[PDB]
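Below are two forms of the same protein chain, given as structure tokens: structure 1, then structure 2.
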Structure 1
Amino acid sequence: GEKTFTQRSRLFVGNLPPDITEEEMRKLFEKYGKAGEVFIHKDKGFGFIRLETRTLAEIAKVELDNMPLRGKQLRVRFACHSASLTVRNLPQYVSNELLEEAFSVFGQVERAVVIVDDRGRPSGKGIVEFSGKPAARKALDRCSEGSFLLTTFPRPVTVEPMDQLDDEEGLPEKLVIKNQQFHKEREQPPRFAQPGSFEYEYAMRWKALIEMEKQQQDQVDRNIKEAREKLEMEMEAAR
């Protein structure tokens, strides 16, 4: 069998009544087998619960999301992996196992992956998921203050907290801030600006500014590439 009670079967439970208890949380999820850790953020209106398997968490999520509880409409979602980090500027020859081994010095690593592009080539980016937040904080502090080298090449990696973006639920119409400016903005429907109009001119000038940003960022890429190839030469010659 697979490892149970992992962060893959951990659910976020939001919009909780202010009087919620850990036993009430357990009673809410009782049908979905055994429950592990329950943790409620007091006066914040949110909590976490670990279910035994990914199947049980998937089912509980669909079935319990939006459930009315004492005037509240509960929000049940897969919990964002809090103790997760993004690792940038990975050198060559870094396997998922080496990444796990490297970061295992800061604490218990649940998983580590070297990201590969749509053709299996390494992206230079990786993900490190710790079991707990203190271990992830250690890796962040130590890798910023010191130079953490994964291989022979003395180029240290950049470790940043994982950017937590809700690309699942996003921005529903019901949650958009409704005001006069909103209604003014919605008076014109989705359309293509027509050539000759003021809006076509403005939108085309807006596209040109976007194209200018793109060109300037591509110039920085070229300058940094050149700077890096020069440093690699100086380092090899000074050896």
Structure 2
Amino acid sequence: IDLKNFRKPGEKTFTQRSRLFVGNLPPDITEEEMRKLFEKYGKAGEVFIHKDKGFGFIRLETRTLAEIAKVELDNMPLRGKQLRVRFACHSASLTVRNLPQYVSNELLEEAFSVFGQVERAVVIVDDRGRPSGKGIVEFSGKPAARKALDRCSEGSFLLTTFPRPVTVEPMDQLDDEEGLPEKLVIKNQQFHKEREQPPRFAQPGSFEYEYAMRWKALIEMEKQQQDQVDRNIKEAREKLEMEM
């Protein structure tokens, strides 16, 4: 299995999306040895090593090059330690909501580029191709993300002729890939209290069944409350959009 032109010329290189966290490093890990571990992926960008704690950061060229380095070097033995290679979180990512119509990735990137250099901008799209009203804007550095978050909350940032300001907020970063493995679970007393009963269906008649059926009725109660608010919001937004 060989490759070479592992690049997409349209998008930038050495962004935060290609920065890898490397844990469980040997005590005397050097910056040159760290680069030599990743030298097969071409030249690396920013490399930091905290030699005491045994962790480090390395910035590869492209995102797909880092995904190859992750699955190849994760859990790899190196002088008595199993290396932990994960993708670092993005330090300057923003969530954009209330997007108007006819907004693309390029327009979203062009719009927020006035606050600083932008690495990536996405208009989140459903399974059928239409936008969901939400988007992602990733800046190269924290100051550009701080400026975009402050100005868009104070003033009204308009992307199109439609004078509805977009809402900017920090990206709620959720890990739906690594999750919570069994070895990372806290094995305490409340652990074994819940783990006493295996996964099962509640037997009709027991205390579990009656208590769970009240939860199902309560969850259905929550759905009726939320869906009532959703219809109230739509009628309120159609009221403002009606007047001129």
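Basically, rigid core = biggest C-alpha set you can superpose within 1.5 Å across the two forms. Along the sequence of structure 1, residues get numbers from 1 upward.
S.K.: If you line up the core, which of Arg205, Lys44, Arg191, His183 has a CA that moves 2 Å or more between structures 1 and 2?
M.R.: With the rigid core superposed, the residue that stands out is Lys44.
S.K.: Once the larger parts are superposed on C-alpha atoms, what angle in degrees does the smaller rigid part turn through between structures 1 and 2?
M.R.: After superposing the larger part, the smaller part appears rotated by 26 degrees.
S.K.: After superposition on the rigid core, what is the displacement of the C-alpha atom of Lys138 between structures 1 and 2, in Å?
M.R.: Displacement of the C-alpha, rigid core superposed: 0.7 Å.
S.K.: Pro18: how big is its Cα shift between structures 1 and 2, in Å, with the core superposed?
M.R.: So the C-alpha of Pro18 has moved 8.8 Å between structures 1 and 2.
S.K.: Once the rigid core is superposed, tell me how far the Cα of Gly33 moves between structures 1 and 2, in Å to one decimal.
M.R.: That residue's C-alpha is offset by 4.2 Å.
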